[PDB]
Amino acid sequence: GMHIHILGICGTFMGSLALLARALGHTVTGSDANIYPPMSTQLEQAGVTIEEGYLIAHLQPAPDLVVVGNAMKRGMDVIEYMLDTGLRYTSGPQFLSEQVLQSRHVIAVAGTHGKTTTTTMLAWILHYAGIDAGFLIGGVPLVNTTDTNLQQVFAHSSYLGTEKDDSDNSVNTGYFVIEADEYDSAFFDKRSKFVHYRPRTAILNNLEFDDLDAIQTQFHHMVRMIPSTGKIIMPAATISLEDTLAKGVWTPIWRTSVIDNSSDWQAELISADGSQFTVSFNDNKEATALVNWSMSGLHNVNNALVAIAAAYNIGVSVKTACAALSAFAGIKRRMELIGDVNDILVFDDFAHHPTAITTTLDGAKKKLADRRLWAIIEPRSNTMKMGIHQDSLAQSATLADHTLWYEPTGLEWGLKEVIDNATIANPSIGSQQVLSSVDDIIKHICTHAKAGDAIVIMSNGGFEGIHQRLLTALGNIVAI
């Protein structure tokens, strides 16, 4: 039971590590510039102690280990103190790899689009099927049933799950579902998650652009390590993915196809909108069933098919997996309406990178018709760039009427420049500004938004508690 201190602990990824660490029995403290919900509340309930600011005093007394988030850099007092005093430190992904993943059969999902859709669907299938899989993913499914076990499992976007059972062979457990992405390296360990994580089942969800080689290289770093007895699951007929494998692969492939190096798994559409389809696996005549769900779109069918195949790889029948997805209620923080104040609609969405922001805003425009649309975005900060041109963030917000981006004071990372440079170079990407205070963003909205408008808040986490702070402010405006 070590004492672990986490720098940046209120953010989704690092907070997830804190929660997993507590579940392991560790004592967990942390620092963040702000303490904000929903993660603060989850941390507090788990018995984590959070302190405000990045202060040397937070590392007194000395913890056994410091887990360092991506925003930390040299020149910061707490970091210079850490290095001078010789405290032990590690990155988030290395900590997770050593403390949780090493002992599990890890299922990692990579892709340019829809990674969290696929991981939420997969984690749902596993738990529906009675497999007590751990996970650290980008969101959670909505749980509409009165099943209090599924309610508790999906209370957080992290869950430890159980270890492979040493005595009872009837139990199928010891798994961990995770997203492979370009985030959460640290200043002293620039290895990506594609290098850190060692999945035995890997999904390559897709590989497309709304630097191909940079993305293929990163995917390759994960593919090239999978054991010979593992499985790679990906869509068929996708040259960008076939070329990824061609760099070096030692593991059997299952290829997936949605029909309306040939495929092993097929989803045949019954309803053109993707709300109903049959799933079949070529090597098992019984491995066929129907999905009849409240989701739609070809991307969601593709996501379902790779999730079903991955679950089949670890024992879930096609029948059970398809029953699970037929019961899938959707995903929290996917254009989720959280307020309607003075006729201003407020939505919450987990999009935090260009392809996700694009998809969310496409959906928002289809939904909201002619309403004036405000995008309020905290993109997920990162010291590294992967495949996406600098202009990608600004381009992704083209469909909004107004966009307010957030870059935090003291942890600036070049956002204002990438946006401002993009809007000069391509005026068609419209009206966008980068602000340095959540208070200024809220004031801007309260000041300029009017009855009929819609606001879409986008962040991988709590965005310094902007959600309730905005709803409160909007409800306090004195009408004329």
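Quick note: we count residues from 1 along the sequence shown, nothing fancier.
Per the record, residue 77 and residue 78 follow each other directly, and no deposited residue is missing between them.
Deposited sequence between residue 260 and residue 261: 10 or more residues lack coordinates. A summary of the deposited B-factors shows that, of 421-429 and 51-59, the stretch with the larger mean C-alpha value is 421-429.
Of the two segments examined, 353-361 and 167-175, it is 167-175 that shows the higher average Cα temperature factor in the deposited entry. Taking only the listed residues 118, 85, 145, 275, the entry reports the highest CA temperature factor at 145.
In this entry, the residue among 368, 388, 375, 304 with the greatest C-alpha B factor is 388. The deposited CA B-factor of residue 268 belongs to the highest third of values across its chain.
In the deposited entry, the Cα temperature factor of residue 477 sits in the top third of values across the chain's modelled residues. Annotation for residue 285: C-alpha temperature factor in the highest third relative to the rest of the modelled chain, per the entry. Remark: residue 451 belongs to the highest third of its chain, ranked by C-alpha B-factor as recorded. Sort the chain's modelled residues by C-alpha temperature factor and residue 128 lands in the highest third, per the entry.
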